[PDB]
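Here is how the chains run, residue by residue.
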Amino acid sequence: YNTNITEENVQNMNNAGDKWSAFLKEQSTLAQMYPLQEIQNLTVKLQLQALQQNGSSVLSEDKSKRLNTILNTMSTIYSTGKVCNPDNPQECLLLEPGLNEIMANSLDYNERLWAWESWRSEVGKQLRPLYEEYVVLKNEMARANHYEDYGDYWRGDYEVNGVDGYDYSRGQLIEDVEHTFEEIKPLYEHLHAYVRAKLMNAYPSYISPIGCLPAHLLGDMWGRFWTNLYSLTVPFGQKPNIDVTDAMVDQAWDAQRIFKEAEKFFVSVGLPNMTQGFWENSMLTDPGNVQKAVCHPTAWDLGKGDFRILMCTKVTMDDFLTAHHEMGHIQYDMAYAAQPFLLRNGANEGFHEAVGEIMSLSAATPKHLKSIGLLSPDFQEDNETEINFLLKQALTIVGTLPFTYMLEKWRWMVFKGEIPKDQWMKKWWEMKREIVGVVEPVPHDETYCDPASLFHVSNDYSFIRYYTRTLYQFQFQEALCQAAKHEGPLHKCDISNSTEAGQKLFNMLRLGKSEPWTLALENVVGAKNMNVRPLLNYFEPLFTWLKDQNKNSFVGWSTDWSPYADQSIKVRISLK
Amino acid sequence: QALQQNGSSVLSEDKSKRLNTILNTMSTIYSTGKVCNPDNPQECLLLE
Ligand SMILES: *[C@@H]1O[C@H](CO)[C@@H](O[C@@H]2O[C@H](CO)[C@@H](O)[C@H](O)[C@H]2NC(C)=O)[C@H](O)[C@H]1NC(C)=O
Ligand SMILES: *[C@@H]1O[C@H](CO)[C@@H](O[C@@H]2O[C@H](CO)[C@@H](O)[C@H](O)[C@H]2NC(C)=O)[C@H](O)[C@H]1NC(C)=O
Ligand SMILES: *[C@@H]1O[C@H](CO)[C@@H](O[C@@H]2O[C@H](CO)[C@@H](O)[C@H](O)[C@H]2NC(C)=O)[C@H](O)[C@H]1NC(C)=O
Ligand SMILES: *[C@@H]1O[C@H](CO)[C@@H](O[C@@H]2O[C@H](CO)[C@@H](O)[C@H](O)[C@H]2NC(C)=O)[C@H](O)[C@H]1NC(C)=O
Ligand SMILES: *[C@@H]1O[C@H](CO)[C@@H](O)[C@H](O)[C@H]1NC(C)=O
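Per the PDB entry, the recorded name for chain B is Angiotensin-converting enzyme 2, and the organism is Homo sapiens. This entry's official PDB title is "Cryo-EM structure of ACE2-SIT1 complex with tiagabine".

Chain A is annotated in the PDB entry as Angiotensin-converting enzyme 2 from Homo sapiens. According to the UniProt record, the Sequence similarities comment for chain A is "Belongs to the peptidase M2 family."

In structure tokens form, the structure reads like this:
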């Protein structure tokens, strides 16, 4: 279907998916009569547990169809929402095209404010009752499955039991998250202060030097990433960053050389060759013909000895990095190729994405570019280029940590009933002021529903995977080239001509889900929990640079200023 | 007589462009107006 869009392909989807789901349900019902606390062999007990879930079928039929209808309605309203200019209501814009481009390119305060306010006011108002009832349905469903709430069901992903002291209680996750965020707060404070100081020049008379930042100036709809502010926060614009886009042009690099170069890099690292069958039954480059196919990169796990990658080639570095990312996914896929079907997966949700990130990062270093030959040896990069690159990386990495933590904390606290239904939005914004340090431009009462505007929230998805993986990557960094005796800066780490790092990686790759992720961490990193020290060590030079640059500044913020307090009027009424 | 009509050009140039813009606006808004059901405000219907 991805290769060929036909109605026959769509009905083949429907039939195959229905058959697979029916087979899974019938197998679960047949195996449910096997008791659990009798098999001491863990590698089969894990399969029994992974096949034992009764899912939403415990819930009533009418309630089940109502829930499915509500989910479909939420997805449809998110996908087809539209707002537009009051001045000329005859032209209207969706969210994915234009509006995202507007918020990622526009420099007008009024335009950004209007778009940010209008999208929420015209989507969240519709979405509010649906979520208010969906949370109740999910809570009932979770309680029907011996869980405290749906948040407990989500947290059960990391839960490990009966492995003689390596167990991890579900409640322990919260403690780890808060302890990690405590050490992250000081660096985020400095970064936020520097960003506010830099934005003071772009939007004068709109930002208080000690207040929080207005929400509609973050470069994104919600602020999940701060990359779009790079042009407005460049430390040294006189010298450009590391760009080699003309290097492949000079050598006339077609859209085939990328994969061969990736294979050569893998061979130099120590990993074996690649399957010719994979080269044949794959989609290295988009045909470009009249047949539509999605250009979104994705690795496939067909099994049986064949894999493939779907991504539209192009002569640019990002394509090289994405190829490395997907190739890492594919390597991890063959890593558990000799495992049962129940074990043909990663240790948890944050394992597949952690491998591709480190793989791309190892090849993204300028040292690798110099070694390849594209970057001539005589050319050199000073400290300012490194600072610019580190700031660019930080604007993507650090920015999402407080946002992700705050979102997950809000969802967890709302799923356990600790927040009264009539006191959701207020509490939400309070966290935004005190965790993230962002203040809304206009007050929002309880009729709105702001987090429901995000795709992950309105589609029943867990957001914690973006947090822990972000840590694991950097932790993997300490396990990646420190064993490979790398002595230079951590941002210059590379593992070419290092077979020990490859062996250490393979030792955990060739495990699948057969062993707990804690066991893999102890096997490679040597710990039994996620650590934040590697991340702090990675950004030490930029941390020192910020500390030097923040002497004439006020690190931190006060959660009382607002862009509307200067023109507001207070009222006081005493009826009695 | 059929060729003698001085036409609407006798008006001032700014007034002429204002009239032309307004007529075009009327035509466009009539051609592209749309209303739809509050029950499902995601699908909306034209006139023709
Ligand atoms: C748990 O049971 C499985 C299922 O038999 C065992 O896995 C097999 O082990 C035998 C030898 O004991 C091998 O010949 C098979 O290749 C293994 N694969 C299968 C069939 O799953 C496993 O050994 C048992 N756990 C123990 C006893 O350590
Ligand atoms: C989910 O699976 C469990 C398996 O135990 C089912 O619970 C059993 O329900 C049957 C009757 O349906 C009883 O005879 C057993 O005593 C129950 N065992 C218990 C309490 O664990 C449960 O009904 C299943 N739900 C559905 C509809 O799939
Ligand atoms: C780091 O970047 C700065 C950019 O100027 C340079 O270091 C400073 O350079 C100016 C003029 O040369 C002088 O103040 C000093 O040589 C440096 N300032 C210090 C040490 O405080 C240099 O290009 C790079 N390397 C170092 C060690 O600063
Ligand atoms: C270690 O591995 C690298 C990875 O490429 C190899 O570098 C080769 O040899 C020289 C540089 O040393 C280059 O001109 C070749 O193009 C590289 N090709 C090969 C054979 O991979 C080499 O094996 C070692 N060199 C180092 C230390 O980088
Ligand atoms: C397989 O790898 C070996 C060792 O790097 C190499 O000599 C050989 O040319 C490779 N063959 C393929 C299929 O690339």
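Don't stop here, the text continues.
In this section: the UniProt feature "active site" in chain A. All names here are of chain A. Within this structure's numbering, the places UniProt gives as "active site" are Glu 326 and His 456. In three dimensions, the annotated residues from a span of 131 residues occupy distinct locations, with a maximal C-alpha spread of 22.6 Å. Structurally, the position occupied by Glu 326 is in helix α11 (residues 317-335). If we ignore the near neighbours within four places in the chain, the residues touching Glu 326 are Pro 297, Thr 298, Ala 299 and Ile 309. In this structure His 456 comes out as buried when scored by relative accessible area, which is 10%. In contact with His 456, other than residues within four places in its own chain, are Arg 224, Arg 411, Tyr 461, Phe 463 and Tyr 466.

With that settled, consider the nonpolar core. Residues and elements named next belong to chain A. If you look at the biggest cluster of nonpolar residues, it comprises 113 residues, and the most contacted ones within it are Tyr 472 and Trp 517. The contact partners of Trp 517, leaving out residues within four places of it in the chain, are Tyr 158, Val 160, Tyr 168, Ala 347, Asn 348, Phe 351 and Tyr 472. Counting 31 residues, the second-largest nonpolar core is a separate cluster that includes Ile 258, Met 274, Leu 369 and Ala 501.

Another point: the site of ligand 5. Residues and elements named next belong to chain A. Ligand 5 sits among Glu 263, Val 267, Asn 273 and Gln 276. Separating an oxygen atom of ligand 5 from a side-chain N or O atom of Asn 273 is a distance of 2.4 Å. Across the shell around ligand 5, the residue classes tally to 1 nonpolar, 2 polar and 1 charged.

A few words on the UniProt feature "disulfide bond" in chain B. With its sulfur atoms 2.1 Å apart, the listed UniProt disulfide between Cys 36 of chain B and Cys 44 of chain B is closed in this model. Judged by relative accessible area, which is 33%, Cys 44 of chain B ranks as partly exposed.

Once that is clear, we can look at the UniProt feature "disulfide bond" in chain A. Residues and elements named next belong to chain A. Below 2.5 Å lies the sulfur separation expected of a disulfide, and the 2.0 Å found between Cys 84 and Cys 92, a pair UniProt records as linked, sits within that range. We classify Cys 84 as partly exposed; its relative accessible area is 24%. According to the relative accessible area criterion, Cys 92 is partly exposed, its value standing at 35%. Disulfide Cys 481/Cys 493 (UniProt): S-S 2.0 Å, present in this structure. Of the two residues, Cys 481 is situated in the loop between α16 (465-480) and α17 (499-509) and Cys 493 in the loop between α16 and α17; the sequence distance between them amounts to 12 residues.

Moving on: the interface of chain B and chain A. Contact residues are listed per partner, giving 4 residues for chain B and 4 residues for chain A. On the chain B side of the interface with chain A, the three residues burying the most area are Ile 29, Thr 32 and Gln 42 of chain B, jointly 79% of the side's total. At the boundary of chain B with chain A, the tally comes to 0 salt bridges. Put simply, chain B and chain A have 0 residue pairs in polar contact between them. Split into classes, the residues belonging to the side of chain B that touches chain A amount to 2 nonpolar, 2 polar and no charged.

How each quantity is defined
- Residues numbered from 1 in each chain as written, not as in the entry; some residues may be left out.
- Chains lettered and ligands numbered in written order.
- Part of a larger assembly, values for the part shown.
- Heavy atoms only, no water.
- UniProt positions renumbered as here; feature names shortened; annotations may be inferred.
- Helix = DSSP H or I, 4+ residues; strand = E, 2+ residues; numbered from the N terminus.
- Contact = heavy atoms within 4.5 Å.
- Buried < 20%, exposed > 50% of the residue type's maximum accessible area, 1.4 Å probe, protein only.
- Core = buried A, V, L, I, M, F, W, Y, C linked by side-chain atoms within 4.5 Å.
- Near = heavy atom within 4 Å.
- Polar contact = N/O pair within 3.5 Å; in protein donor to acceptor, adjacent residues only side chain to side chain.
- Nonpolar A, V, L, I, M, F, W, Y, C, P; charged D, E, K, R; others polar.
- Disulfide = S-S within 2.5 Å.
- Buried area = accessible area lost by both parts, 1.4 Å probe.
- Salt bridge = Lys/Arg side-chain N within 4 Å of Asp/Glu carboxyl O.

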